Structures are given as C-alpha cells and as structure tokens.
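Under the numbering used here, the residue at position 269 of the sequence shown is numbered 270, and the numbers go up by one with no gaps.
Everything below concerns the one structure shown next.
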Amino acid sequence: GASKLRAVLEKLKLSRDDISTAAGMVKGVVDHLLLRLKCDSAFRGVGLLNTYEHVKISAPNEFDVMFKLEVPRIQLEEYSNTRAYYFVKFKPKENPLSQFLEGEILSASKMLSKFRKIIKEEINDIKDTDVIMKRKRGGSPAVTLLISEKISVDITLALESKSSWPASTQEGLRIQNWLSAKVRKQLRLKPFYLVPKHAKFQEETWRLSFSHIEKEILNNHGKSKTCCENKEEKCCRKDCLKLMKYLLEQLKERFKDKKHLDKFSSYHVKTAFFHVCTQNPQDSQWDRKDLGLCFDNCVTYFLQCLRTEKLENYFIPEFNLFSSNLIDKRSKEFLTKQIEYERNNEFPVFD
Ligand SMILES: Cn1ccc(-c2ccc(Cl)c(CNc3nc4[nH]c(Cc5ccccc5)cc(=O)n4n3)c2)n1
Ligand SMILES: [Zn+2]
C-alpha cells in the first residue's frame, strides 16, 4: 500500500545521501575536459548546463552531463513538419564554428567529430585515473566515459540559443493554471537548447532540448509559494515522480534481456507526470497523506497514454511521443501489462 511506497522512497533517499567519491572522480575528469575543450577556438563558450544528475536511481555510479555552447545570431528551419527537428543556419563576423559548415547548415557530424577528438586526446592525457572512452553508438549521448570501473559518464553536446523559443512551443508548457502565467513567461525567457539527433539515410538535424526546465519546476512546484516549506503544506509531487521513474527503471532492468522496453525512458515518465500536474493544479490534490491515491493516479494516466497511444510532448504539444511511428503497439501493450500486473500486486518490482 502507501506504506510500501513510503519504504521504497526511504531507501531511495538513503542511497542518495550516502558518502560517495564518485561525484569527485567525475568532477575531476569533467573539469579536465571542459578546460582542454576551452583551448580550442571552436569550443571556447563551452560550459556545464546545470552546475544529483543521474539518468538512473538504480544505477547511481552512472552520470549524465551536458556541455552547452551558445551560438548567437541563430537561424532555424523546421525539418519536414516534425515540429521538433531543425536545420541550424547562421546569419559579418567570423562564426567560430566555420570548420563545421556543410553548406549554410551546421553539421552535427563534423562538430561532434572534433568534440570527441579533443576528449579522446584528454582522456589519454590523464595519468591520475584510468579512464576508458567508448565509441559512437549514436551522437546523443556524444561520448561515454568509463572512469576507473563502475563510473560511467555520458557527455552530450548542446547548442544554446538565448532568443525566443521556436513557434512550435507556443501552446506548450501549459502551467498557467498551476504555476501561473507570470512563471510561464519567466521560463520562456530562459534560453533553449539543441542537441544532435536524426529523424528515423542521415540528415543533419537538431532536436529541441529543454533539459533545464524540470529542475526549475521541481524545486518550486506548488501553486502556493510556500509549498513544502512547512508541515501544513507538505505535498507528494516529488515523491510521485520518483516512484514513476523508479517503476520504469526497475521494469527496464527486469526485462533488459529482451528489447520490449528499450523504447521507453524517464522523459516519457516526466512528460506524463507533468501532464498530471497540469490536470491537478491545486496543492490539495497532492497532499502527502494521499501518496497512494496520487501515485495511482499517475500510473493510471501513464497507462491511458499507453493504451490510447497519445503522450503529447510537454513543450511541443503537436509532437506525440507515443505515436505508432515512434513506438509500436506491441511494446506499449507489453509495458501496459507489466505495469498493470505490478499495480495489481502492490509493486513487487520495488523490492
Ligand atoms: C531526450 N529526448 C528524446 C526524444 C526527445 C524529444 C522528442 C521530441 C520533442 Cl518535440 C522533444 C522536445 N524537447 C524536449 N522535450 C522535453 N521534455 C522533457 C521532459 C519534461 C517534461 C515536462 C517538464 C520538464 C521536462 C525533457 C527535455 O529535455 N525535453 N526536451 C524532445 N527528447
Ligand atoms: Zn510541495
């Protein structure tokens, strides 16, 4: 019941709070890479996007960092009505990414090749730690590093644009009735990001990225400004999200051997959870004592998304993350049956 859910959260918390040098070993290797990257004229603006960055909770030795780089005077062209994938053009100063142009369009291929080369140069330059660099599965993540053992670090490269968000976001981020119109504008004044990624041959498109929004909302998540600052206003929003990510991660681990769940990842969970926040904007709909009901309502909504094959991207509402062409009926049905079994049995995977 809600009692088991609380126990799971307690153990997830105790794993987080424990003394770990892995952060230190990773920060040591990352600060090395950021400096050597800064010596190359093409990557002088590079910096960490966010100064606990883990894709997984069940694998804590696995880190995820993102190197932002501003590209000002930026021009974008929507690719094939995908609403999310774009060509990156420029606008008479010397563009420091000149070596990376293939026509007017900036090449992700070229730019990642110099990215990896510099990082590959610096990994063999470190004598303190034995760091192994893996090879190009995709491009996002750009580089995977194995520090000592058990420590793996996925470094993604991302352009930054400090201009208005593209017009396909106009109806997105629908937090007005929950966090307010004022906050929605504040957020839309923040930069946006682009990371390399193909749609489905190989065009040179970039996918919009909003990696920096979630932490802004998670750490100020109530309709009330004092939500979760006193005993009278403890809510369970953050606990519901943790549980949903942990449920998905434990199922992916359980069924890692077959491919059924490989198409799902925690941003599907986050998308669905924040849609539930939009549907339920009042802090009183997330009272701590209703953890069991609130979480069950998150599960149920995510399942409805699976069965109906509709999960609208939080930022670009016309982009359906669960459409037929992205995830086949069979995978969604398999995830549906796993989660429904779990719920019918008070989640044995949480143990
Ligand atoms: C990593 N991946 C793989 C595929 C995509 C992707 C596909 C299509 C579009 Cl249309 C986009 C659009 N861009 C985009 N959408 C999100 N959604 C969240 C999750 C979230 C929701 C609500 C509040 C906070 C966070 C995280 C994130 O970083 N993004 N980035 C992203 N991304
Ligand atoms: Zn709260």
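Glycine included, each C-beta is placed from N, C-alpha and C at the ideal position.
Three-way DSSP call (helix, strand, coil) for residue i in this model
i: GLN305; result: helix
i: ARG136; result: coil
i: residue 359; result: Summary: the structure shown does not reach residue 359, with the chain confined to residues 2 through 352, and so no result is reported for it.
i: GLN171; result: coil
i: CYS40; result: coil
i: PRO93; result: coil
i: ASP291; result: helix
i: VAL47; result: coil
i: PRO349; result: helix
i: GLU313; result: strand
i: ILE106; result: strand
i: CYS241; result: helix
Any non-hydrogen atom of ligand 1 within 7 angstroms of residue i CB
i: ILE106; result: no
i: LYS271; result: yes
i: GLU54; result: no
i: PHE296; result: no
i: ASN314; result: yes
i: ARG84; result: yes
i: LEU209; result: yes
i: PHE320; result: yes
i: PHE265; result: no
i: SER324; result: no
i: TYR268; result: yes
i: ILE317; result: yes
i: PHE275; result: yes
i: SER21; result: no
i: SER212; result: yes
i: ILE156; result: no
i: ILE218; result: yes
Bounding residues of the beta strand (DSSP E) (the contiguous stretch that carries residue i)
i: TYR87; result: 86-91
i: residue 1; result: The displayed coordinates of the chain run from 2 to 352. Any statement about residue 1 would go beyond what the structure contains.
i: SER210; result: 207-210
i: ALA159; result: 152-162
i: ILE75; result: 75-79
i: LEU219; result: Taken as a continuous stretch (DSSP letters only), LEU219 belongs to no beta strand (DSSP E), being part of the alpha helix (DSSP H) at 214-219.
i: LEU188; result: Here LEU188 belongs to no beta strand (DSSP E); instead the alpha helix (DSSP H) covers 182-189.
i: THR337; result: Note, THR337: premise wrong, no beta strand (DSSP E); alpha helix (DSSP H) at 330-344.
i: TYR194; result: 193-197
Any non-hydrogen atom of ligand 2 closer than 7 angstroms to residue i Cβ
i: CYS229; result: yes
i: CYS236; result: yes
i: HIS222; result: yes
Buried versus exposed, by CB contacts within 10 Å (16 or more), residue i
i: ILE124; result: buried
i: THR170; result: buried
i: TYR247; result: buried
i: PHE202; result: exposed
i: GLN100; result: exposed
i: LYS338; result: exposed
i: residue 368; result: Given a span of 2 to 352 for the chain in the structure shown, any question on residue 368 remains unanswerable.
i: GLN251; result: buried
i: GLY104; result: exposed
i: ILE156; result: buried
i: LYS259; result: exposed
i: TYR342; result: exposed
i: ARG84; result: buried
i: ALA182; result: exposed
i: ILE133; result: exposed
i: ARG238; result: buried
i: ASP240; result: buried
Chain C within 8 angstroms of residue i, Cβ atoms only
i: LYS94; result: In the structure shown, chain C cannot be found, because there is only a single protein chain.
For residue i, the first and last residue of its enclosing alpha helix (DSSP H)
i: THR272; result: 267-280
i: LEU98; result: No alpha helix (DSSP H) contains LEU98, which DSSP labels as neither H nor E.
i: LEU15; result: 3-17
i: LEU146; result: Taken as a continuous stretch (DSSP letters only), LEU146 belongs to no alpha helix (DSSP H), being part of the beta strand (DSSP E) at 144-148.
Ligand 3 heavy atom lying under 7 angstroms from the CB of residue i
i: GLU215; result: Among the ligands modelled here, namely ligand 1 and ligand 2, ligand 3 does not occur.
Report task. Determine contact between the stretch 210-217 and the stretch 178-196, defined as no fewer than three beta-carbon pairs at a distance below 8 angstroms. Result -> Output reads yes: the stretch 178-196 touches the stretch 210-217.
Query raised in the report: Are at least three pairs of beta-carbons, each pair with one atom in the stretch 68-77 and one in the stretch 256-270, less than 8 angstroms apart?
Result: Below 8 angstroms, too few C-beta pairs join the stretch 68-77 and the stretch 256-270 to call them touching: fewer than three.
Report task. Count the CB pairs spanning the stretch 115-123 and the stretch 137-156 that are closer than 8 angstroms, and state whether there are at least three. Result -> In this structure the stretch 115-123 touches the stretch 137-156; the number of beta carbon pairs closer than 8 angstroms is three or more.
Report task. Mind the definition here: the stretch 274-282 touches the stretch 294-303 only if three or more C-beta pairs lie below 8 angstroms; say whether that holds. Result -> A contact exists between the stretch 274-282 and the stretch 294-303.
Query - Any 3 or more C-beta pairs closer than 8 angstroms across the stretch 30-44 and the stretch 53-60 - result: Output reads no: the stretch 53-60 does not touch the stretch 30-44.
Query raised in the report: So, do the stretch 149-164 and the stretch 23-33 have three or more beta carbon pairs nearer to each other than 8 angstroms?
Result: The way I'd put it, the stretch 149-164 does touch the stretch 23-33; three or more beta-carbon pairs between them come closer than 8 angstroms.
Requested in this report: Check whether the stretch 4-12 touches the stretch 285-299, taking contact to mean three or more Cβ pairs, one atom from each stretch, closer than 8 angstroms.
Outcome: Three or more Cβ pairs drawn from the stretch 4-12 and the stretch 285-299 lie within less than 8 angstroms of each other, which places the two stretches in contact.
Query raised in the report: Does the stretch 232-248 come within contact of the stretch 318-334, defined as at least 3 CB pairs closer than 8 angstroms?
Result: Between the stretch 232-248 and the stretch 318-334, the count of Cβ pairs shorter than 8 angstroms is below three; the stretches do not touch.
Requested in this report: Indicate whether the contact test is met: 3 or more Cβ pairs, each with one atom in the stretch 215-227 and one in the stretch 158-166, closer than 8 angstroms.
Outcome: Remark: fewer than three beta-carbon pairs, one from each stretch, lie closer than 8 angstroms, so the stretch 215-227 and the stretch 158-166 are not flagged as touching.
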